[PDB]
Amino acid sequence: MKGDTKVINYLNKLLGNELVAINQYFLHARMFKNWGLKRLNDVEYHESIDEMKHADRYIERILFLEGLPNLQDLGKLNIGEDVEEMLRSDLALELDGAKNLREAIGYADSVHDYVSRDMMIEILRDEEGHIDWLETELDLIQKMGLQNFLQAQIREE
Amino acid sequence: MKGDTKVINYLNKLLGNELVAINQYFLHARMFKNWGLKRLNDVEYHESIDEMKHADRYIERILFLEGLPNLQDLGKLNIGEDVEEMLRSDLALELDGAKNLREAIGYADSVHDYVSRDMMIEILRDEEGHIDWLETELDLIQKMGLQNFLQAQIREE
Amino acid sequence: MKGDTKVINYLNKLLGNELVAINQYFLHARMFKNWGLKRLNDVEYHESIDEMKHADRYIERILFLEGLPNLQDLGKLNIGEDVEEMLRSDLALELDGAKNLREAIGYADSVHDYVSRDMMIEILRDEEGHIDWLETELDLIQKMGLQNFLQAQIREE
Amino acid sequence: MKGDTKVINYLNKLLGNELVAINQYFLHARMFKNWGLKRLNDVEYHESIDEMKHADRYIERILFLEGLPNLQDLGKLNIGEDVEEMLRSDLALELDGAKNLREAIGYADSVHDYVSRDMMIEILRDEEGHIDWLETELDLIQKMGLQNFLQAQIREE
Amino acid sequence: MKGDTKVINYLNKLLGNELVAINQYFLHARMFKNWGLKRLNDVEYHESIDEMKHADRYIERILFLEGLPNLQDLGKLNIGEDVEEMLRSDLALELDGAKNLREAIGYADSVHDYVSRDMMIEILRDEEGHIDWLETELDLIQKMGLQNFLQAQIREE
Amino acid sequence: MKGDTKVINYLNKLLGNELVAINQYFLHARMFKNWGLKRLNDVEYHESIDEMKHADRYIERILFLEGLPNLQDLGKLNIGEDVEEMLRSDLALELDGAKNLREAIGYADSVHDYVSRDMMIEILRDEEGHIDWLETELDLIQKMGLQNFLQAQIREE
Amino acid sequence: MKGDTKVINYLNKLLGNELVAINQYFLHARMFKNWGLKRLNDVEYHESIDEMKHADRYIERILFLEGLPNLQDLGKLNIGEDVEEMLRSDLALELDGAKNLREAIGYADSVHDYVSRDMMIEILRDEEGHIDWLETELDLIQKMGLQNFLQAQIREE
């Protein structure tokens, strides 16, 4: 079914955001794992999986609308070197992606692509959940101190 | 994640509507229970629980958006003294709450808080279900008469 | 069964105490949940439910005694802004409520309303349990320090 | 263990109340059963059994306290000839029994027989439950009319 | 179905016998229980229940035959103060009751109330079973001596 | 929660009574066991355990009220040398303890410590059950003679 | 079987040690419980139970040997006011008891009471296990600091 060209453009932009996040979350997860911070590996691994699911949804939607999914161009990663930097980088990436989602959701409505919009609202709900987790962890580091926070990560849940 | 100030205000207003409904539905249920009208107790109790779940959702959303949930102010209850009066009061409260929801849902869209909107639309769907039940019960009283209607309530369904 | 007017007045005052506590405990719970302090959310949520059960018993007893339950007036909440403040506010509310329960229990005995008295003694036993938990948590914050205390809350027991 | 003479006298008076109620509830039940009012038979039969249990408790307590249970004297029954008359007679008997219970409960406290008091408070709680049911049934007859009320009794609940 | 007036009169006399026996057996059971003679409590309690079942049958039959069951008048109890006295009193009561049953069975036959007769023959068979047990226990007391007999009662079979 | 000083003093006096009973019942139990009187060992062992549960309740209540449980002072035991002496000594101890409980229950009510009172009434009910068993055994020894009584103890129940 | 008088004297001395430990461990356990230190309550409670089992063994052995178990005299308790004091007091008590056990074990051998000796060696093995636990906890307090140690006690295992 031939979709709106700019809708497809937004879907490719959002897919691009998810592709950066998949890689950034996955590497962060395995850095945490290497450091013995098992609980952080578990959560970040699951966030990477969540973003893969989102990417799959964008890819399938673009193909249905007869566009070409772009998996070639990869945006800038910001890995970081310690726990706080890594979490802040993930939060910043999530915030940027949420801005793009809001723009795309408004546009899809204006051209009556309500199914693409509905998909994007569900994804935005998921991303706000990631944002809530990241903000919460960052605040916990400040409240209990980094040493107590690290100790809390060494055994799974 | 810092939310829009007026969105937070709307959520607190809607929370306020739920807090009134929680108490009014609960007291109505136990009044029905005292009178031996078990089926009406069962339904109204469940509606009270439903509004508690709505209140929980508003409280959690407000806190996420970094606002302060208002559980201090409580609007006017209208309890009534007989079955028809009690059900009509509940209906009037639901209709006023629906008006407030429609206004909030439109505004949330305008400022692109699509997740708050999605939550409110789900709540509005629940409230229209309560409105349907209440309108139906009131019409049944008129159709079969109050005496037959009350007899129908003395065993749970 | 027509009850003693002043017993009903006491029952309404105690119901009033429970209604403040329901709201305060629930908001505290969700504030803790937002901060990622899962254990504190779990306990405070269950205390809110306990106060709801107490309120239900008061409402049913008042109706049996042919009085009018008052769910319209809500007393002053004291939310607080940090963990120690919130816990101290809950403890102060519990202590005020226990004072009211003692007065009502003494009065019910003097007018031979032994069933109302029996109900209130069970509720007072529940409240003294909440007092014990709150005092214990506050002492633990002193003994192990706030940072260690917070770390201990981030996984559900 | 030798008990207080006046407490033993109270227990025998209360036992006497239970003995009247056992017979009156049982005959009412079987009258309802004859008339095809199965649901009223079920409830009144259960109330009769409840009073048998109370009588058993009085008999055992009296013997423990080294007194002589009096099962020889039987107070006046008031059977009645129609449903409303029968239920009102049961209610009147319950209310008279409750007055005697309150007097006995106060006196047992005065002579420090706290175990006899504890037993009586539990029994009074049961009696107030019967009073609640009776009052409710009588109000239902008034609200839905006798014909509708009788129709509602012909299937066991 | 309008029964024979004299049959109804006999059924009320027999009911009257059952009512005395219900109370006498039950008090005897609990006296035995107080004394630690568990086996005697168990048997006498079950005999009390058997007489309750008999009373229920009389009440239902009288009501079917359109008569008025008399539960108001209570004949003379003879409690006794020691085991042998109590058992002999129960036996004397059973023998008096069997006399009345024989008269009533003969009369019911003469007026063709064969269903009332059938009911009473079953009840008489039950009563002869109680007579057998009582006679046997009294004989055992004489044969093994009271002290051995009491020892044999201090556990439930 | 700071309790009343004299309530705490009563709780420690009652704890003292329980500590004596725990030891006396336990030694009596093992003396019975040594003699081959298994049934008496079983009951007295269980009574010792019951008193341990009571002691635990007093200890926990005292600590909650911010007092200091006294486990250092131990009252006078009266062991006895034969079955009758031992049981009579246990009975005298129980009677002394019930007297202290009655005084403490009255006082707790007067200072409005209704939860301490409720706990003590439950314990008093337990103690009256022990009194009943002890009185019953002593009477059985008289009624069947000591030789028959001992024979009845050599097999468990 | 008539035992050696001085063996019985040692068994009573050791029983005396166990009686002090039962009370000291139990009170310590409930102090820990009051403080919210659940893991310490659990272990100290179990140590109290272990000492009760030892006391039972001494009591039964003394009775077999035809001596008189002494449960009347209670040695000095040393409760303490904080975690470290309490644990050190328990350790000191265990060390004193172990000295007495070694003396008694040597003596029992010299008079050929090998079964009493065998019992005591098993008990000494148990006590050395308690000593190992107490020493370990005390060292942990020093190594991780008291605040970390307390935090580790708040959830069971």
# chains A, B, ... in the order shown; residues from 1 in each chain; ligands from 1
$ interface_residues --of "chain F" --to "chain C" --cutoff "10 Å" --atoms "only C-alpha atoms" --output "list in words"
residues 1, 64, 65, 109, 110, 111, 112, 113, 114, 115, 116, 117, 118 and 119 of chain F
$ write_last_selection --atoms "N, CA, C and O atoms" --output "PDB file, in the first residue's frame"
ATOM      1  N   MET F   1       7.421   2.446  71.012  1.00  0.00           N
ATOM      2  CA  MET F   1       6.366   3.305  71.549  1.00  0.00           C
ATOM      3  C   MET F   1       6.396   3.244  73.080  1.00  0.00           C
ATOM      4  O   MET F   1       6.187   2.185  73.657  1.00  0.00           O
ATOM      5  N   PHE F  64       8.501  -3.768  72.726  1.00  0.00           N
ATOM      6  CA  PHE F  64       7.792  -2.771  71.931  1.00  0.00           C
ATOM      7  C   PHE F  64       7.487  -1.524  72.758  1.00  0.00           C
ATOM      8  O   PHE F  64       7.614  -0.400  72.258  1.00  0.00           O
ATOM      9  N   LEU F  65       7.123  -1.727  74.025  1.00  0.00           N
ATOM     10  CA  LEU F  65       6.786  -0.630  74.929  1.00  0.00           C
ATOM     11  C   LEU F  65       8.028   0.034  75.524  1.00  0.00           C
ATOM     12  O   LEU F  65       7.919   0.921  76.379  1.00  0.00           O
ATOM     13  N   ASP F 109      -6.652  -1.711  81.393  1.00  0.00           N
ATOM     14  CA  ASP F 109      -7.851  -1.039  80.910  1.00  0.00           C
ATOM     15  C   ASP F 109      -7.919   0.387  81.430  1.00  0.00           C
ATOM     16  O   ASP F 109      -8.283   1.312  80.696  1.00  0.00           O
ATOM     17  N   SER F 110      -7.561   0.555  82.702  1.00  0.00           N
ATOM     18  CA  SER F 110      -7.659   1.822  83.358  1.00  0.00           C
ATOM     19  C   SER F 110      -6.712   2.887  82.731  1.00  0.00           C
ATOM     20  O   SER F 110      -7.053   4.068  82.650  1.00  0.00           O
ATOM     21  N   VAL F 111      -5.533   2.442  82.284  1.00  0.00           N
ATOM     22  CA  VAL F 111      -4.580   3.341  81.619  1.00  0.00           C
ATOM     23  C   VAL F 111      -4.681   3.274  80.088  1.00  0.00           C
ATOM     24  O   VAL F 111      -3.832   3.819  79.372  1.00  0.00           O
ATOM     25  N   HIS F 112      -5.715   2.584  79.623  1.00  0.00           N
ATOM     26  CA  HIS F 112      -6.074   2.542  78.201  1.00  0.00           C
ATOM     27  C   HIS F 112      -5.092   1.799  77.290  1.00  0.00           C
ATOM     28  O   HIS F 112      -5.065   2.048  76.083  1.00  0.00           O
ATOM     29  N   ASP F 113      -4.302   0.890  77.855  1.00  0.00           N
ATOM     30  CA  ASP F 113      -3.453   0.016  77.045  1.00  0.00           C
ATOM     31  C   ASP F 113      -4.276  -1.209  76.652  1.00  0.00           C
ATOM     32  O   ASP F 113      -4.108  -2.302  77.197  1.00  0.00           O
ATOM     33  N   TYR F 114      -5.188  -0.999  75.711  1.00  0.00           N
ATOM     34  CA  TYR F 114      -6.154  -2.016  75.312  1.00  0.00           C
ATOM     35  C   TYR F 114      -5.532  -3.186  74.560  1.00  0.00           C
ATOM     36  O   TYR F 114      -6.065  -4.300  74.573  1.00  0.00           O
ATOM     37  N   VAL F 115      -4.415  -2.936  73.893  1.00  0.00           N
ATOM     38  CA  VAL F 115      -3.727  -4.019  73.189  1.00  0.00           C
ATOM     39  C   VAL F 115      -3.001  -4.961  74.163  1.00  0.00           C
ATOM     40  O   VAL F 115      -3.048  -6.188  74.000  1.00  0.00           O
ATOM     41  N   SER F 116      -2.326  -4.405  75.167  1.00  0.00           N
ATOM     42  CA  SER F 116      -1.763  -5.258  76.219  1.00  0.00           C
ATOM     43  C   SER F 116      -2.880  -6.048  76.910  1.00  0.00           C
ATOM     44  O   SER F 116      -2.713  -7.236  77.215  1.00  0.00           O
ATOM     45  N   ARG F 117      -4.011  -5.397  77.171  1.00  0.00           N
ATOM     46  CA  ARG F 117      -5.140  -6.087  77.800  1.00  0.00           C
ATOM     47  C   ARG F 117      -5.646  -7.229  76.934  1.00  0.00           C
ATOM     48  O   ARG F 117      -5.882  -8.330  77.436  1.00  0.00           O
ATOM     49  N   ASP F 118      -5.806  -6.978  75.635  1.00  0.00           N
ATOM     50  CA  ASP F 118      -6.299  -8.011  74.725  1.00  0.00           C
ATOM     51  C   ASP F 118      -5.371  -9.235  74.715  1.00  0.00           C
ATOM     52  O   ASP F 118      -5.837 -10.383  74.730  1.00  0.00           O
ATOM     53  N   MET F 119      -4.063  -8.991  74.682  1.00  0.00           N
ATOM     54  CA  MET F 119      -3.080 -10.071  74.769  1.00  0.00           C
ATOM     55  C   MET F 119      -3.234 -10.873  76.067  1.00  0.00           C
ATOM     56  O   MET F 119      -3.228 -12.114  76.061  1.00  0.00           O
TER      57      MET F 119
END
$ select_by_dssp --residues "range 73-148 of chain C" --states "alpha helix (DSSP H)" --output "short mmCIF file (atom, residue, chain, number, x, y, z; two decimals) with N, CA and C atoms, in the first residue's frame"
data_model
loop_
_atom_site.label_atom_id
_atom_site.label_comp_id
_atom_site.auth_asym_id
_atom_site.auth_seq_id
_atom_site.Cartn_x
_atom_site.Cartn_y
_atom_site.Cartn_z
N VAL C 83 12.83 10.81 52.65
CA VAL C 83 12.42 9.56 53.28
C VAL C 83 12.16 9.69 54.78
N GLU C 84 13.08 10.30 55.50
CA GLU C 84 12.93 10.43 56.95
C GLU C 84 11.71 11.29 57.30
N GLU C 85 11.52 12.38 56.56
CA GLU C 85 10.38 13.28 56.78
C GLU C 85 9.06 12.55 56.58
N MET C 86 8.99 11.77 55.50
CA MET C 86 7.77 11.06 55.16
C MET C 86 7.42 10.03 56.24
N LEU C 87 8.42 9.25 56.66
CA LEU C 87 8.22 8.25 57.70
C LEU C 87 7.81 8.87 59.03
N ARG C 88 8.45 9.97 59.42
CA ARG C 88 8.07 10.67 60.65
C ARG C 88 6.65 11.22 60.58
N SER C 89 6.24 11.68 59.40
CA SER C 89 4.88 12.18 59.25
C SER C 89 3.84 11.05 59.41
N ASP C 90 4.14 9.90 58.82
CA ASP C 90 3.28 8.73 58.96
C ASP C 90 3.17 8.31 60.43
N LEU C 91 4.30 8.34 61.14
CA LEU C 91 4.33 7.95 62.55
C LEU C 91 3.51 8.92 63.42
N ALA C 92 3.66 10.22 63.15
CA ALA C 92 2.89 11.22 63.87
C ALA C 92 1.38 11.04 63.62
N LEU C 93 1.01 10.72 62.38
CA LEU C 93 -0.39 10.47 62.05
C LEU C 93 -0.92 9.23 62.77
N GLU C 94 -0.11 8.17 62.81
CA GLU C 94 -0.50 6.96 63.52
C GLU C 94 -0.69 7.22 65.01
N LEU C 95 0.19 8.03 65.59
CA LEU C 95 0.10 8.30 67.03
C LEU C 95 -1.14 9.12 67.39
N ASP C 96 -1.49 10.08 66.54
CA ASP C 96 -2.69 10.88 66.76
C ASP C 96 -3.92 9.99 66.67
N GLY C 97 -3.89 9.06 65.72
CA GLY C 97 -5.02 8.18 65.48
C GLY C 97 -5.19 7.18 66.61
N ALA C 98 -4.08 6.75 67.20
CA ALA C 98 -4.14 5.81 68.31
C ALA C 98 -4.73 6.48 69.55
N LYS C 99 -4.41 7.76 69.74
CA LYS C 99 -5.03 8.54 70.81
C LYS C 99 -6.55 8.58 70.65
N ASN C 100 -7.01 8.83 69.43
CA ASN C 100 -8.45 8.87 69.16
C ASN C 100 -9.10 7.51 69.39
N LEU C 101 -8.41 6.44 68.99
CA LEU C 101 -8.93 5.09 69.20
C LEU C 101 -9.08 4.77 70.70
N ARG C 102 -8.09 5.13 71.50
CA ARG C 102 -8.17 4.89 72.94
C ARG C 102 -9.38 5.58 73.57
N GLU C 103 -9.64 6.83 73.18
CA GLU C 103 -10.78 7.58 73.71
C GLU C 103 -12.09 6.92 73.31
N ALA C 104 -12.18 6.50 72.05
CA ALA C 104 -13.41 5.89 71.54
C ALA C 104 -13.68 4.53 72.18
N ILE C 105 -12.61 3.75 72.39
CA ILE C 105 -12.71 2.45 73.03
C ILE C 105 -13.23 2.57 74.47
N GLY C 106 -12.72 3.56 75.20
CA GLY C 106 -13.20 3.83 76.55
C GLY C 106 -14.67 4.23 76.56
N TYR C 107 -15.07 5.07 75.60
CA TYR C 107 -16.44 5.54 75.57
C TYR C 107 -17.42 4.42 75.20
N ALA C 108 -17.09 3.64 74.18
CA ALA C 108 -17.96 2.55 73.75
C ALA C 108 -18.25 1.60 74.92
N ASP C 109 -17.25 1.36 75.76
CA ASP C 109 -17.43 0.50 76.91
C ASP C 109 -18.47 1.09 77.86
N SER C 110 -18.42 2.41 78.05
CA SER C 110 -19.31 3.06 79.01
C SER C 110 -20.77 3.03 78.57
N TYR C 114 -20.26 -3.05 73.04
CA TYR C 114 -19.09 -3.91 73.13
C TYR C 114 -18.60 -4.44 71.78
N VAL C 115 -19.50 -4.53 70.80
CA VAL C 115 -19.11 -4.98 69.46
C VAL C 115 -18.34 -3.88 68.73
N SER C 116 -18.79 -2.63 68.83
CA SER C 116 -18.00 -1.52 68.30
C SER C 116 -16.63 -1.47 68.98
N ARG C 117 -16.62 -1.67 70.30
CA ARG C 117 -15.36 -1.68 71.04
C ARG C 117 -14.43 -2.78 70.56
N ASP C 118 -14.97 -3.98 70.38
CA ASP C 118 -14.19 -5.13 69.92
C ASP C 118 -13.54 -4.84 68.55
N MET C 119 -14.31 -4.27 67.64
CA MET C 119 -13.80 -3.86 66.33
C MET C 119 -12.63 -2.88 66.45
N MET C 120 -12.80 -1.87 67.30
CA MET C 120 -11.79 -0.84 67.46
C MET C 120 -10.51 -1.36 68.11
N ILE C 121 -10.63 -2.31 69.04
CA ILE C 121 -9.44 -2.90 69.63
C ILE C 121 -8.62 -3.65 68.59
N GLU C 122 -9.29 -4.35 67.67
CA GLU C 122 -8.57 -5.06 66.60
C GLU C 122 -7.84 -4.07 65.70
N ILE C 123 -8.50 -2.97 65.38
CA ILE C 123 -7.91 -1.93 64.54
C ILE C 123 -6.72 -1.27 65.26
N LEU C 124 -6.87 -1.01 66.56
CA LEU C 124 -5.77 -0.42 67.33
C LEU C 124 -4.55 -1.35 67.34
N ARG C 125 -4.79 -2.65 67.44
CA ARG C 125 -3.70 -3.61 67.38
C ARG C 125 -2.98 -3.50 66.03
N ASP C 126 -3.74 -3.34 64.95
CA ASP C 126 -3.14 -3.18 63.62
C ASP C 126 -2.31 -1.90 63.56
N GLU C 127 -2.83 -0.82 64.13
CA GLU C 127 -2.14 0.48 64.07
C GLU C 127 -0.85 0.45 64.88
N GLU C 128 -0.86 -0.23 66.02
CA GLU C 128 0.37 -0.36 66.82
C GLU C 128 1.43 -1.15 66.06
N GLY C 129 1.01 -2.06 65.18
CA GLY C 129 1.95 -2.75 64.30
C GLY C 129 2.59 -1.81 63.29
N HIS C 130 1.81 -0.88 62.74
CA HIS C 130 2.35 0.12 61.81
C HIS C 130 3.32 1.04 62.55
N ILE C 131 2.97 1.39 63.78
CA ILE C 131 3.82 2.24 64.61
C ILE C 131 5.16 1.55 64.86
N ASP C 132 5.11 0.26 65.18
CA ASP C 132 6.32 -0.53 65.41
C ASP C 132 7.21 -0.52 64.16
N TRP C 133 6.62 -0.74 62.99
CA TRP C 133 7.42 -0.76 61.76
C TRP C 133 8.05 0.60 61.48
N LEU C 134 7.27 1.67 61.63
CA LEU C 134 7.76 3.02 61.36
C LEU C 134 8.90 3.39 62.31
N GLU C 135 8.73 3.11 63.60
CA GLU C 135 9.77 3.41 64.59
C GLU C 135 11.06 2.65 64.26
N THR C 136 10.89 1.40 63.85
CA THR C 136 12.03 0.54 63.56
C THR C 136 12.80 1.05 62.35
N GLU C 137 12.08 1.45 61.31
CA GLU C 137 12.73 2.00 60.12
C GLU C 137 13.51 3.28 60.44
N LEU C 138 12.90 4.16 61.22
CA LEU C 138 13.55 5.42 61.59
C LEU C 138 14.83 5.18 62.39
N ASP C 139 14.77 4.20 63.29
CA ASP C 139 15.95 3.84 64.07
C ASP C 139 17.04 3.24 63.18
N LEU C 140 16.63 2.46 62.18
CA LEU C 140 17.59 1.82 61.27
C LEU C 140 18.33 2.86 60.45
N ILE C 141 17.63 3.92 60.04
CA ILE C 141 18.26 5.01 59.31
C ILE C 141 19.36 5.64 60.17
N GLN C 142 19.09 5.80 61.46
CA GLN C 142 20.09 6.33 62.38
C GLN C 142 21.30 5.39 62.51
N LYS C 143 21.03 4.10 62.68
CA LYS C 143 22.07 3.13 63.03
C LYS C 143 23.00 2.77 61.87
N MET C 144 22.44 2.62 60.67
CA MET C 144 23.26 2.23 59.53
C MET C 144 23.58 3.38 58.60
N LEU C 146 21.84 6.86 56.29
CA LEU C 146 20.84 6.96 55.23
C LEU C 146 21.26 6.25 53.94
N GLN C 147 22.53 6.36 53.56
CA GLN C 147 22.97 5.76 52.29
C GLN C 147 22.84 4.24 52.30
N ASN C 148 23.27 3.60 53.39
CA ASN C 148 23.10 2.15 53.52
C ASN C 148 21.62 1.78 53.59
#
